[PDB]
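Colleague: The following file, structure-v1.cif, comprises mmCIF, C-alpha atoms and all ligand atoms:
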data_target
loop_
_atom_site.label_atom_id
_atom_site.label_comp_id
_atom_site.auth_asym_id
_atom_site.auth_seq_id
_atom_site.Cartn_x
_atom_site.Cartn_y
_atom_site.Cartn_z
CA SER E 1 94.83 119.52 88.60
CA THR E 2 92.90 116.42 89.66
CA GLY E 3 92.25 112.86 88.53
CA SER E 4 89.49 110.32 89.07
CA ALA E 5 89.37 106.67 88.00
CA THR E 6 87.04 103.73 88.62
CA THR E 7 88.53 100.65 90.25
CA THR E 8 86.91 97.24 89.76
CA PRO E 9 87.29 93.94 91.65
CA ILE E 10 89.00 91.27 89.56
CA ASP E 11 86.78 88.41 90.78
CA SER E 12 83.74 87.57 92.89
CA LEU E 13 85.76 87.63 96.14
CA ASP E 14 87.36 91.09 95.81
CA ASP E 15 90.79 89.43 95.79
CA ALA E 16 92.22 92.56 94.15
CA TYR E 17 91.14 95.71 92.33
CA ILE E 18 92.24 96.92 88.89
CA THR E 19 92.18 100.51 87.59
CA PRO E 20 92.77 101.50 83.94
CA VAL E 21 95.95 103.53 83.36
CA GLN E 22 97.09 105.18 80.12
CA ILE E 23 100.80 104.80 79.29
CA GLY E 24 102.70 106.24 76.34
CA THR E 25 101.84 108.13 73.16
CA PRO E 26 99.51 107.15 71.72
CA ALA E 27 97.90 105.81 74.89
CA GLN E 28 98.28 102.13 75.74
CA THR E 29 95.67 101.32 78.38
CA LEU E 30 96.66 98.74 81.00
CA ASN E 31 94.71 97.63 84.07
CA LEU E 32 96.96 98.10 87.10
CA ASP E 33 96.69 97.08 90.75
CA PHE E 34 96.99 100.27 92.83
CA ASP E 35 99.16 99.27 95.78
CA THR E 36 99.69 101.59 98.76
CA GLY E 37 102.08 98.96 100.16
CA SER E 38 104.77 99.30 97.48
CA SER E 39 106.44 102.02 95.45
CA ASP E 40 107.19 100.59 91.99
CA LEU E 41 105.14 101.13 88.84
CA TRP E 42 105.82 97.98 86.83
CA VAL E 43 104.03 96.41 83.88
CA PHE E 44 103.92 93.33 81.72
CA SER E 45 105.65 94.36 78.50
CA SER E 46 106.91 93.19 75.12
CA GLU E 47 110.14 92.44 77.02
CA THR E 48 108.54 89.91 79.39
CA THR E 49 109.63 86.29 78.91
CA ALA E 50 107.00 84.93 76.54
CA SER E 51 106.28 81.81 78.61
CA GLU E 52 105.48 84.03 81.62
CA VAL E 53 102.63 85.95 79.93
CA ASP E 54 99.10 84.44 79.95
CA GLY E 55 96.44 86.86 78.72
CA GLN E 56 97.81 90.10 80.18
CA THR E 57 97.84 93.29 78.14
CA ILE E 58 101.47 94.27 77.52
CA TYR E 59 103.15 97.66 77.32
CA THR E 60 105.22 98.05 74.13
CA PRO E 61 107.73 100.90 74.58
CA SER E 62 108.79 100.68 70.92
CA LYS E 63 105.30 101.89 69.90
CA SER E 64 105.35 104.95 72.21
CA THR E 65 106.82 108.16 70.78
CA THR E 66 107.49 109.47 74.32
CA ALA E 67 109.16 106.38 75.81
CA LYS E 68 112.85 106.74 76.69
CA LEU E 69 115.04 103.92 77.98
CA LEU E 70 116.60 104.84 81.33
CA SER E 71 120.14 103.76 80.56
CA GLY E 72 121.64 101.26 83.00
CA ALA E 73 118.65 101.23 85.36
CA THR E 74 117.27 97.93 86.66
CA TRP E 75 114.63 96.97 89.21
CA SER E 76 113.89 93.89 91.30
CA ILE E 77 111.08 93.50 93.81
CA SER E 78 109.84 90.82 96.22
CA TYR E 79 106.44 91.16 97.88
CA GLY E 80 105.49 89.93 101.34
CA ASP E 81 103.54 87.04 99.82
CA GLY E 82 106.65 85.72 98.05
CA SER E 83 105.83 87.12 94.60
CA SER E 84 108.62 88.80 92.65
CA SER E 85 109.45 90.49 89.35
CA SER E 86 112.33 92.36 87.71
CA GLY E 87 113.45 94.07 84.52
CA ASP E 88 114.56 97.41 83.10
CA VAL E 89 113.19 100.94 83.22
CA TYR E 90 111.64 103.37 80.76
CA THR E 91 110.32 106.86 81.29
CA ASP E 92 107.04 107.71 79.59
CA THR E 93 103.84 109.69 79.98
CA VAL E 94 101.36 108.14 82.43
CA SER E 95 97.77 109.29 82.92
CA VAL E 96 95.22 108.22 85.54
CA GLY E 97 91.65 109.40 85.04
CA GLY E 98 92.60 112.72 83.45
CA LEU E 99 95.73 113.35 85.57
CA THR E 100 98.93 113.32 83.51
CA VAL E 101 102.57 112.93 84.61
CA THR E 102 105.39 113.20 82.09
CA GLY E 103 108.66 111.37 82.62
CA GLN E 104 107.22 108.76 84.97
CA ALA E 105 109.46 105.75 85.56
CA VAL E 106 107.72 102.77 83.93
CA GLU E 107 109.40 99.54 85.01
CA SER E 108 109.24 96.93 82.26
CA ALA E 109 109.13 93.36 83.57
CA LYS E 110 111.53 90.91 81.97
CA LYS E 111 110.76 88.17 84.53
CA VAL E 112 107.63 87.69 86.66
CA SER E 113 106.80 85.08 89.28
CA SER E 114 104.14 82.45 88.67
CA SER E 115 101.51 84.19 90.81
CA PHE E 116 101.56 87.12 88.37
CA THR E 117 101.45 84.94 85.24
CA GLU E 118 98.36 83.10 86.51
CA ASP E 119 96.50 86.40 87.23
CA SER E 120 95.35 87.25 83.70
CA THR E 121 93.37 90.29 84.92
CA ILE E 122 96.29 92.28 86.40
CA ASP E 123 98.66 93.92 83.89
CA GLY E 124 100.96 95.36 86.54
CA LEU E 125 101.15 97.35 89.75
CA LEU E 126 101.08 101.06 90.52
CA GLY E 127 102.85 101.72 93.81
CA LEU E 128 101.55 104.42 96.15
CA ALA E 129 103.72 103.98 99.25
CA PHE E 130 106.57 106.42 99.83
CA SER E 131 109.31 106.75 97.22
CA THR E 132 111.98 105.54 99.67
CA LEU E 133 110.82 101.96 98.91
CA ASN E 134 111.30 102.17 95.14
CA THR E 135 113.64 99.45 93.89
CA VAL E 136 115.16 101.11 90.80
CA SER E 137 118.97 100.94 90.84
CA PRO E 138 121.36 102.77 90.79
CA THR E 139 119.06 105.84 90.68
CA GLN E 140 115.92 105.60 92.82
CA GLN E 141 112.70 106.74 91.11
CA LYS E 142 109.61 108.58 92.33
CA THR E 143 106.08 107.18 92.47
CA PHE E 144 103.24 108.45 90.30
CA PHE E 145 101.82 110.25 93.34
CA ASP E 146 105.10 111.97 94.23
CA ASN E 147 105.54 113.14 90.63
CA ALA E 148 101.97 114.51 90.50
CA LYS E 149 102.02 116.14 93.95
CA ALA E 150 103.10 119.65 92.94
CA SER E 151 100.39 120.06 90.28
CA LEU E 152 97.57 118.53 92.33
CA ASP E 153 95.03 120.92 93.82
CA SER E 154 95.66 119.19 97.16
CA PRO E 155 98.48 116.68 97.83
CA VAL E 156 96.03 113.86 98.58
CA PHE E 157 94.53 110.78 97.06
CA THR E 158 91.53 108.85 98.31
CA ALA E 159 90.59 105.18 98.12
CA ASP E 160 86.88 104.27 97.99
CA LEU E 161 86.86 100.50 97.42
CA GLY E 162 83.57 98.73 96.79
CA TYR E 163 82.27 95.51 98.31
CA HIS E 164 81.62 93.23 95.30
CA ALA E 165 81.21 96.44 93.30
CA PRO E 166 83.26 99.15 91.56
CA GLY E 167 84.86 101.99 93.47
CA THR E 168 86.93 105.12 92.95
CA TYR E 169 90.49 106.39 93.30
CA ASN E 170 90.59 110.21 93.35
CA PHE E 171 93.78 112.30 93.10
CA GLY E 172 94.00 115.89 94.31
CA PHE E 173 90.58 116.45 95.91
CA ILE E 174 88.27 114.98 98.54
CA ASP E 175 84.74 114.12 97.37
CA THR E 176 82.58 115.24 100.29
CA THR E 177 79.60 113.37 98.81
CA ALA E 178 81.32 109.97 99.08
CA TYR E 179 81.24 109.51 102.87
CA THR E 180 78.97 110.07 105.86
CA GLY E 181 79.78 112.04 108.99
CA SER E 182 83.28 113.43 109.47
CA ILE E 183 86.75 112.29 108.45
CA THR E 184 88.98 111.34 111.40
CA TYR E 185 92.67 111.95 110.73
CA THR E 186 95.46 110.06 112.45
CA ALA E 187 99.24 110.38 112.43
CA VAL E 188 101.42 108.46 109.96
CA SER E 189 104.98 107.22 110.41
CA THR E 190 106.99 107.08 107.19
CA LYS E 191 110.03 105.53 108.89
CA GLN E 192 109.54 102.19 107.11
CA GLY E 193 108.25 103.79 103.90
CA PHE E 194 104.65 102.63 104.47
CA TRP E 195 101.43 104.43 105.30
CA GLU E 196 101.91 103.27 108.89
CA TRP E 197 99.51 104.32 111.64
CA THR E 198 98.17 103.20 115.02
CA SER E 199 94.64 101.93 115.53
CA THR E 200 93.17 102.61 118.95
CA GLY E 201 91.47 99.25 119.49
CA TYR E 202 88.80 96.85 118.33
CA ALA E 203 85.51 95.11 119.09
CA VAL E 204 83.99 91.80 117.95
CA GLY E 205 80.34 91.93 116.95
CA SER E 206 78.34 93.82 119.57
CA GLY E 207 80.99 93.21 122.24
CA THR E 208 82.83 95.71 124.38
CA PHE E 209 85.42 97.88 122.64
CA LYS E 210 88.95 96.99 123.76
CA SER E 211 91.27 100.01 123.88
CA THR E 212 94.73 98.90 122.76
CA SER E 213 97.28 100.25 120.30
CA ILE E 214 97.59 98.27 117.05
CA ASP E 215 100.35 99.53 114.76
CA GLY E 216 99.84 98.60 111.12
CA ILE E 217 99.92 99.74 107.52
CA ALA E 218 97.11 100.81 105.19
CA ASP E 219 97.69 98.57 102.17
CA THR E 220 95.31 98.57 99.19
CA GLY E 221 97.51 95.85 97.67
CA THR E 222 96.78 93.21 100.34
CA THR E 223 93.47 91.35 100.23
CA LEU E 224 92.87 90.42 103.87
CA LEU E 225 93.12 91.91 107.36
CA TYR E 226 96.19 90.68 109.25
CA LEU E 227 96.15 91.41 112.98
CA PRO E 228 97.93 90.17 116.15
CA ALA E 229 97.22 86.62 117.25
CA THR E 230 95.40 87.74 120.42
CA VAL E 231 92.93 89.86 118.44
CA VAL E 232 92.37 87.23 115.74
CA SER E 233 91.75 84.50 118.32
CA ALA E 234 89.19 86.73 120.07
CA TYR E 235 87.31 87.19 116.79
CA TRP E 236 87.18 83.57 115.64
CA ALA E 237 86.22 82.35 119.11
CA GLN E 238 82.81 83.91 118.42
CA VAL E 239 82.23 81.73 115.32
CA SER E 240 80.95 78.23 116.07
CA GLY E 241 83.24 75.59 114.58
CA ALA E 242 85.98 77.98 113.45
CA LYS E 243 89.57 76.81 113.86
CA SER E 244 93.07 77.57 112.66
CA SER E 245 94.08 75.02 110.02
CA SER E 246 97.78 74.46 109.37
CA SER E 247 97.10 72.59 106.12
CA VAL E 248 95.01 75.48 104.82
CA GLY E 249 97.23 78.16 106.36
CA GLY E 250 94.76 80.15 108.41
CA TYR E 251 91.44 80.27 110.17
CA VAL E 252 88.57 78.47 108.44
CA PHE E 253 84.93 78.28 109.46
CA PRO E 254 81.82 76.29 108.49
CA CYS E 255 80.30 77.93 105.43
CA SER E 256 76.88 77.73 107.14
CA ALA E 257 77.98 80.08 109.94
CA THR E 258 77.07 83.76 110.17
CA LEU E 259 80.02 85.99 110.83
CA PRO E 260 80.08 88.80 113.40
CA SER E 261 81.22 92.25 112.43
CA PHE E 262 84.65 93.62 113.35
CA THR E 263 85.17 97.19 114.56
CA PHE E 264 88.52 99.00 114.57
CA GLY E 265 89.35 102.32 116.17
CA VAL E 266 90.65 105.46 114.49
CA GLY E 267 91.33 107.99 117.22
CA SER E 268 87.95 108.31 118.93
CA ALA E 269 86.02 107.14 115.84
CA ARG E 270 85.00 103.59 114.90
CA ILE E 271 84.98 101.81 111.52
CA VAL E 272 82.69 98.77 111.38
CA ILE E 273 83.52 95.92 108.98
CA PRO E 274 80.31 93.94 108.27
CA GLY E 275 80.60 90.21 108.85
CA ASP E 276 79.88 89.41 105.20
CA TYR E 277 83.10 91.25 104.24
CA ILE E 278 85.05 88.60 106.20
CA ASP E 279 83.71 85.60 104.21
CA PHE E 280 86.10 84.54 101.46
CA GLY E 281 84.21 81.43 100.42
CA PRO E 282 85.03 77.74 100.22
CA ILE E 283 88.70 76.74 100.52
CA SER E 284 88.22 74.49 97.46
CA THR E 285 85.37 74.11 94.98
CA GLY E 286 82.48 72.30 96.62
CA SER E 287 83.93 72.43 100.14
CA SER E 288 81.77 73.33 103.13
CA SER E 289 84.78 74.90 104.89
CA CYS E 290 85.16 78.62 104.17
CA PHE E 291 88.24 80.83 104.44
CA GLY E 292 88.29 83.76 106.86
CA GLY E 293 89.14 87.34 105.93
CA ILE E 294 90.80 88.10 109.29
CA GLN E 295 94.09 86.25 109.80
CA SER E 296 97.08 86.37 112.13
CA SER E 297 100.03 88.65 111.39
CA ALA E 298 102.36 86.57 113.59
CA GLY E 299 104.23 85.06 110.65
CA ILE E 300 104.43 88.40 108.81
CA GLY E 301 106.07 90.81 111.26
CA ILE E 302 103.67 93.71 110.72
CA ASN E 303 99.92 94.27 110.95
CA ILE E 304 98.18 94.94 107.64
CA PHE E 305 94.90 96.81 107.16
CA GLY E 306 94.19 95.35 103.73
CA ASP E 307 91.19 95.59 101.43
CA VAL E 308 88.88 93.82 103.91
CA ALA E 309 89.27 96.77 106.29
CA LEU E 310 89.81 99.61 103.82
CA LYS E 311 86.72 98.86 101.72
CA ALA E 312 84.54 99.47 104.78
CA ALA E 313 85.70 103.12 104.84
CA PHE E 314 86.43 106.20 102.77
CA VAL E 315 90.20 106.56 103.17
CA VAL E 316 92.25 109.73 102.66
CA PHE E 317 95.98 109.41 101.98
CA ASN E 318 97.21 112.92 102.84
CA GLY E 319 100.67 113.38 101.34
CA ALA E 320 101.31 116.78 102.89
CA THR E 321 104.75 117.47 104.37
CA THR E 322 103.44 115.95 107.60
CA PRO E 323 101.48 112.99 106.17
CA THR E 324 98.25 111.76 107.73
CA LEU E 325 95.57 109.14 107.08
CA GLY E 326 91.86 109.98 107.17
CA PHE E 327 89.06 107.48 107.75
CA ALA E 328 85.33 108.07 107.36
CA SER E 329 82.29 105.82 107.37
CA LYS E 330 80.38 105.47 104.11
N1 LIG K 1 101.01 95.43 99.24
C1 LIG K 1 102.46 95.47 99.20
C2 LIG K 1 103.05 94.81 100.44
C3 LIG K 1 103.08 93.43 100.56
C4 LIG K 1 103.62 92.85 101.70
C5 LIG K 1 104.13 93.65 102.71
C6 LIG K 1 104.75 93.05 103.97
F1 LIG K 1 104.56 91.70 104.00
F2 LIG K 1 106.09 93.31 103.96
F3 LIG K 1 104.17 93.62 105.07
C7 LIG K 1 104.10 95.03 102.58
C8 LIG K 1 103.56 95.61 101.45
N1 LIG K 2 100.77 93.11 97.64
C1 LIG K 2 101.21 93.32 96.27
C2 LIG K 2 100.63 92.18 95.44
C3 LIG K 2 99.50 92.40 94.68
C4 LIG K 2 98.97 91.36 93.93
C5 LIG K 2 99.57 90.11 93.96
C6 LIG K 2 98.98 88.97 93.14
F1 LIG K 2 97.62 88.97 93.32
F2 LIG K 2 99.26 89.16 91.82
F3 LIG K 2 99.50 87.79 93.57
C7 LIG K 2 100.70 89.90 94.73
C8 LIG K 2 101.23 90.93 95.48
#
Mind converting the file's structure to structure tokens?
Modeller:
Amino acid sequence: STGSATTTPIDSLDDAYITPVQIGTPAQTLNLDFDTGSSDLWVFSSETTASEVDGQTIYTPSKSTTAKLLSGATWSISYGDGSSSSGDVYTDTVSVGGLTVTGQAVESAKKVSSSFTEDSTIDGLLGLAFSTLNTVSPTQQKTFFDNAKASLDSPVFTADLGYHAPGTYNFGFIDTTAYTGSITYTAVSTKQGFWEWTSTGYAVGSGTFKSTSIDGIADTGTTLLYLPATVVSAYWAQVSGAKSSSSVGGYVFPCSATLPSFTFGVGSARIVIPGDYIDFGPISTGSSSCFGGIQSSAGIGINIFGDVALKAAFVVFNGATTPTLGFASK
């Protein structure tokens, strides 16, 4: 079997992408943030503290004939940005673009942090990292991808994120019409539960390519590109007037500047991120200082190839017994 669903940016900056997901019987459609950096499927629900819900569509297990409470199970998650949520666990039928999984763990939020309440467009998250990171206690639960793997034509899913435009998540097949050239595959380490890989180097604009190993994770759930301080300083040095601002919390640049592209290596292949992808607009309404899409990972502890990088490529998440990541230009 296969599945295919359109994913849409939530705002004019591509801060995140939402994908409709059908839960329960009859279907309740929620717009979830597909996150290859986490492994919990959790949703705003009828159980969420009323004051913490602001416009989100909620899952109501009591209206689903296939929902079953998972007795005694709880979940609690904290994301690298400081967001957090927690609650209890149901099992229900979950469908993504024609692909159906029965008995999927659906984690019902009882409490959500403020950053989730204020994001009216995101009804929850669908984790696509490895199931070792799932937070359900005392019995760990499998991701949607792990549960679908056996019945998929091929144990893969692909992320084709658009720049200021809709894109596609495909499960179980690789659309050979969606990319140009060849797909370059690279080894993945699952030791931390992430889609972790090693980039072979970088270049700034039309500059010389620097061969150097950058270990990082492919994370559809992170907006920006977080890279080591040496690399990030080399990039922003090519932008007149750019500086790191402690009050803003990152590199900013004059909104009148033109940004150079950024190239990253995948084996012997190169993925080019156009400079416009790195512009995230004024730091406040009406400001002439703009926020940069490439930032330092020094405070984080790990390098993150977020949406800024991933949306420049067609990306294959190969969940075979030896997992790999594929990158192609598009
Ligand atoms: N998108 C999920 C996510 C968020 C943060 C991190 C961090 F900070 F731990 F790297 C990993 C994964
Ligand atoms: N990396 C996971 C993640 C995804 C979205 C959000 C937001 F946008 F809701 F804050 C936080 C954390």
Colleague: Would you list the residues near (85.4, 98.5, 98.1) (no more than 10 Å away, in the coordinates of the file, using only C-alpha atoms) as a PyMOL selection string?
Modeller: chain E and resi 7-9+14+16-17+159-168+220+277+307-314
Colleague: Could you write out that same residue set with C-alpha atoms as a compact mmCIF listing (two decimals), keeping the file's coordinate frame?
Modeller:
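Writing done, so here's again.txt:
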# COMPACT_ATOMS: atom_id res chain seq x y z
CA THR E 7 88.53 100.65 90.25
CA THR E 8 86.91 97.24 89.76
CA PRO E 9 87.29 93.94 91.65
CA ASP E 14 87.36 91.09 95.81
CA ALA E 16 92.22 92.56 94.15
CA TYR E 17 91.14 95.71 92.33
CA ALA E 159 90.59 105.18 98.12
CA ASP E 160 86.88 104.27 97.99
CA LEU E 161 86.86 100.50 97.42
CA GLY E 162 83.57 98.73 96.79
CA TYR E 163 82.27 95.51 98.31
CA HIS E 164 81.62 93.23 95.30
CA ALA E 165 81.21 96.44 93.30
CA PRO E 166 83.26 99.15 91.56
CA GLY E 167 84.86 101.99 93.47
CA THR E 168 86.93 105.12 92.95
CA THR E 220 95.31 98.57 99.19
CA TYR E 277 83.10 91.25 104.24
CA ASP E 307 91.19 95.59 101.43
CA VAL E 308 88.88 93.82 103.91
CA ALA E 309 89.27 96.77 106.29
CA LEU E 310 89.81 99.61 103.82
CA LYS E 311 86.72 98.86 101.72
CA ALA E 312 84.54 99.47 104.78
CA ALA E 313 85.70 103.12 104.84
CA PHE E 314 86.43 106.20 102.77
Colleague: So how far away is atom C6 of ligand LIG 2 (chain K) from atom CA of residue 115 of chain E, in Å?
Modeller: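 Value for the atom CA of residue 115 of chain E-atom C6 of ligand LIG 2 (chain K) distance: 5.9 Å.
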Colleague: Using all atoms listed in the file, find each residue with an atom at most 6 Å away from ligand LIG 2 (chain K) and format the answer as a PyMOL selection string.
Modeller: chain E and resi 79+83+115-116+221-222
Colleague: Let me have all residues with an atom within 10 Å of ligand LIG 1 (chain K), counting all atoms listed in the file, laid out as an MDAnalysis selection string.
Modeller: chainID E and resid 33:39 78:83 125 127:129 133 193:195 216:223 226 297 299:304 306
Colleague: Hey, which bits of segment 251-291 of chain E sit within 9 Å of segment 231-243 of chain E, and for each residue what's the closest pair of atoms and how far apart in Å (one decimal), counting all atoms listed in the file, rows by chain and increasing number, as a Markdown table?
Modeller:
| residue | atom | partner | partner_atom | distance |
| --- | --- | --- | --- | --- |
| E:251 | CA | E:243 | CA | 5.4 |
| E:252 | CA | E:242 | CA | 5.7 |
| E:253 | CA | E:242 | CA | 4.1 |
| E:254 | CA | E:241 | CA | 6.3 |
| E:257 | CA | E:239 | CA | 7.1 |
| E:258 | CA | E:239 | CA | 7.6 |
| E:259 | CA | E:239 | CA | 6.6 |
| E:260 | CA | E:238 | CA | 7.5 |
| E:262 | CA | E:235 | CA | 7.8 |
